[PDB]
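Engineer: Pasting an experimental structure with its sequence.
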Amino acid sequence: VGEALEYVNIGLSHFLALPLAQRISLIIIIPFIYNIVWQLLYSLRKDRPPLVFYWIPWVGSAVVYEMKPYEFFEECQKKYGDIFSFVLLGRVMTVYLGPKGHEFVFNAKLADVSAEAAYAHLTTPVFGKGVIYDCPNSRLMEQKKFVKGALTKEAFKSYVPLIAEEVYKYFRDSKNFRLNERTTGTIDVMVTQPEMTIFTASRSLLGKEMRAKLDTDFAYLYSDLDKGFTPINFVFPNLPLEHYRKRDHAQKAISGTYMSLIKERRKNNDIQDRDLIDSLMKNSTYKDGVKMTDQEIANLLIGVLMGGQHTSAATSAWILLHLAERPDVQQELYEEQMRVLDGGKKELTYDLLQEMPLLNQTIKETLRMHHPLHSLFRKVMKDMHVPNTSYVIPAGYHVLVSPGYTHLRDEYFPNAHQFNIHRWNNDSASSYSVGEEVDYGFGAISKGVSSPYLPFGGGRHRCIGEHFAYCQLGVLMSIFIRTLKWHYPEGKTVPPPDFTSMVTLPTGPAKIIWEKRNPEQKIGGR
Ligand SMILES: CC[C@@H](C)n1ncn(-c2ccc(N3CCN(c4ccc(OC[C@H]5CO[C@](Cn6cncn6)(c6ccc(Cl)cc6Cl)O5)cc4)CC3)cc2)c1=O
Ligand code: HEM
């Protein structure tokens, strides 16, 4: 025995004396073997959900997950059922599929899980400090309350003609259209929709000054900030590269522009009820009496515009793409436009938008087939027991929920891979509570989150943008339909999603051919 402890020591010294080749080689081959041994041992644990096997340590199942998450989830679901874990770039993600998963994660106790712990790197570098996920949850709840106060039915009545003006100006002035000069053309929807989206959301939420800025070199800062919104931040939120410097600069420059306007409006008492800026200036004092700073207000503006930017632009791109191979649906939507707007003799209003059920069902169905966020998650802060199981999810794990996956299951949506707006007949609401409501600080919302359709999530982190998105998308699509027909280049069809970006946008280039329904129609203005 004593002779063996000596040879331990001897073995240590010989190990350290190995050639620099073998030692390097051992450096990688040792934790490769340990990783594999640990997993086999982990599988013996009956209080842990099954863990997807993987070869490369740290990296885990990152490649297959990020490239086709729904295919990954379905294969895992077959082998293990609805609850399973996988390693993702240093983290352990526990996935809970289906409505019970929704309930488990979206309705989890505030003390059990943290969204800001999961997300703050995806957002704080882009938006700025003090808001969204760079603040306690109770602060987020009131920020959501503040933003929601600019998102009223009255606001939407005022936004609808502004959004319409931007769409028509885009049709008139953009090189992608020029409808006064050209009667047919080809566009990349991943070019047009981001532009139309920022033009319409700027004009309505930020106001005319901020909209005007986008006609200048200033627009390039939005591009820079936009490029700083990437899943890469999930791993590398700060790296000494030019990319990261333009982002940080952009955030500074853009928040500075918003603060400049804010300070001017106050130093002119020019504070009204026009836009989200006026609203936050009048209404951004927390319940404990602390006021948001001008910097925090500006940062909150950036976050709200950036969030609405990517979800919405992706969604209208998908709407155009699905309709491009469905002239029957374009036709049905057009007849509804003619009926509700009296053959075009009525001006579009917010109230008339609500009387367009097929148009709204089209948005609704697009959001079913294309949830812009395939995976939502939280960091586990306290050990969680999974009801009706012996599973315990340890703190330090992350939980992942994917309502978009359930959107595409035949059990909940018959022929789920078929685009059919009529599956929503007499059910054209963006969403609704089928029962009890609860209020987390930004208004009463559904207490239950068991709906198999959950494009806007649920619980305390639920979206507050849904009515703005439908308003924006509704106006945009109403004008598209009334103005244009469109179709695919020969042999093209709906592209597959790119699941590696922040949202699940179409893989580009995604081109459609438009043509004017009324070639002689002119769009006025200078
Ligand atoms: C290429 C680098 C490589 C190493 N890498 N490393 C990691 N990844 C990766 C990770 C994850 C993903 N996925 C999953 C996570 N992800 C994602 C998840 C949640 C999310 O947002 C949830 C919260 C925070 O952002 C918003 C988005 N939003 C909601 N409504 C409107 N926007 C949000 C909420 C509120 C506000 Cl004010 C702003 C924002 Cl942006 O909600 C955004 C992206 C989508 C891509 C893909 C690739 C990589 O590609
Ligand atoms: C089709 C359009 C949209 C979809 C499908 C969508 C989806 C979602 C989802 C799923 C969440 C929950 C995230 C989570 O639980 O992890 C969310 C949160 C949120 N979204 Fe949206 N969104 C859309 C548009 C918008 C718009 C237009 C705005 C702003 C005007 C917006 C602002 C917000 C805010 C403030 C939150 C709260 C985040 C939190 O509390 O953690 N969203 N959205």
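Structural biologist: Received it, and whenever you're ready, just let me know what you need. Residues are numbered from 1 along each chain as shown. Ligands and ions are numbered 1, 2, ... in the order given.
Engineer: Distance of the closest residue to residue 397 other than its chain neighbours relative to residue 113?
Structural biologist: Excluding the flanking residues, the one nearest residue 397 by Cβ to Cβ, 6 or more residues apart in numbering is residue 380, at 4.4 Å. In short, each C-beta sits where N, CA and C put it, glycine included. Using Cβ to Cβ, to the nearest Å, residue 380 is found at 6 Å from residue 113.
Engineer: neighbour-wise, which of those two wins?
Structural biologist: More crowded of residue 380 and residue 113, by other Cβ atoms under 10 Å: residue 113, with 26 against 23.
Engineer: List the contacts of that one.
Structural biologist: 105, 378-381, 384, 399 (Cβ atoms under 8 Å, 6 or more residues apart in numbering).
Engineer: where does the nearest residue to it once chain neighbours are set aside fall, helix, sheet strand or coil?
Structural biologist: Spatial nearest neighbour of residue 113, excluding adjacent residues (Cβ to Cβ, 6+ apart): residue 378 at 3.7 Å. Here residue 378 is recorded as strand under DSSP: H, G, I helix; E, B strand; the rest coil.
Engineer: Could I get the contacting residues of residue 378?
Structural biologist: 105, 108, 113-115, 117-118, 398-399.
Engineer: name the element the residue in the stretch 1-150 of the chain positioned nearest to ligand 1 belongs to?
Structural biologist: Residue of the stretch 1-150 of the chain nearest ligand 1, by Cβ to the nearest ligand atom: residue 66 (4.3 Å). Counting by DSSP states H and E, the element that carries residue 66 is helix 62-67.
Engineer: List the buried residues in that helix.
Structural biologist: 62, 65-66 (16 or more other Cβ atoms under 10 Å).
Engineer: which two from the contacts of residue 378 end up farthest apart in space?
Structural biologist: Pairwise distances across the contacts of residue 378 peak at 13.7 Å for 105 and 117 (criterion: Cβ to Cβ).
Engineer: Now tell me what touches the helix or strand following the helix holding residue 66 from outside.
Structural biologist: Next along the chain after helix 62-67, taking DSSP H and E as the criterion, comes helix 69-80. Here helix 69-80 makes contact (Cβ under 8 Å, 6+ apart) with 49-50, 52, 61, 64-65, 84, 86, 95, 97, 374-375, 402, 404-405, 408, 499.
Engineer: Now the residue in the stretch 351-500 of the chain that ligand 1 sits nearest to: phi and psi?
Structural biologist: Relative to ligand 1, the nearest point of the stretch 351-500 of the chain is residue 375 (4.5 Å; Cβ to the nearest ligand atom). Dihedral angles of residue 375 (phi, psi; degrees, to the nearest 10) stand at phi -140, psi 130.
Engineer: on contacts alone, who are the packing partners of the stretch of helix or strand residue 209 belongs to?
Structural biologist: Taking DSSP H and E as the criterion, residue 209 maps to helix 208-213. When contacts are defined as 3 or more Cβ pairs under 8 Å, 6 or more residues apart in numbering; DSSP states H and E, helix 208-213 packs onto helix 242-266.
Engineer: other SSEs contacting the helix it packs on?
Structural biologist: Short answer (3+ Cβ pairs under 8 Å, 6+ apart): helix 242-266 packs on helix 115-127, helix 208-213, helix 219-227, helix 276-282, helix 294-324.
Engineer: Most tightly packed of those?
Structural biologist: Among these, the stretch with the highest mean neighbour count (mean count of other Cβ atoms under 10 Å) is helix 294-324, at a mean of 24.
Engineer: Tell me what angle it forms with helix 219-227.
Structural biologist: Per axes from the mean of the first three to the mean of the last three Cα atoms, to 10 degrees, the angle that helix 294-324 makes with helix 219-227 is 80 degrees.
Engineer: now the helix or strand following helix 294-324 against helix 294-324, angle please.
Structural biologist: Using DSSP H and E, the helix or strand that follows helix 294-324 in sequence is helix 327-340. Interaxial angle of helix 327-340 relative to helix 294-324 (the same axes, to 10 degrees): 120 degrees.
Engineer: Counting neighbours, show which residues of the helix or strand that helix 327-340 is followed by come out buried.
Structural biologist: The helix or strand immediately downstream of helix 327-340 is helix 350-353, counting by DSSP H and E. Applying a neighbour-count criterion of 16+ other Cβ under 10 Å, the buried positions in helix 350-353 are 350, 352-353.
Engineer: so can I have TSV of those showing distance to ligand 1?
Structural biologist: Shown next, in TSV, are the buried residues of helix 350-353 (distance: Cβ to the nearest ligand atom, whole Å):
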residue	distance to ligand 1
350	21
352	26
353	21
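Engineer: how much space is there between residue 184 and ligand 1?
Structural biologist: Distance from residue 184 to ligand 1, counting by Cβ to the nearest ligand atom, to the nearest Å: 34 Å.
Engineer: Now that residue. Nearest residue, chain neighbours left out?
Structural biologist: residue 515 (4.1 Å).
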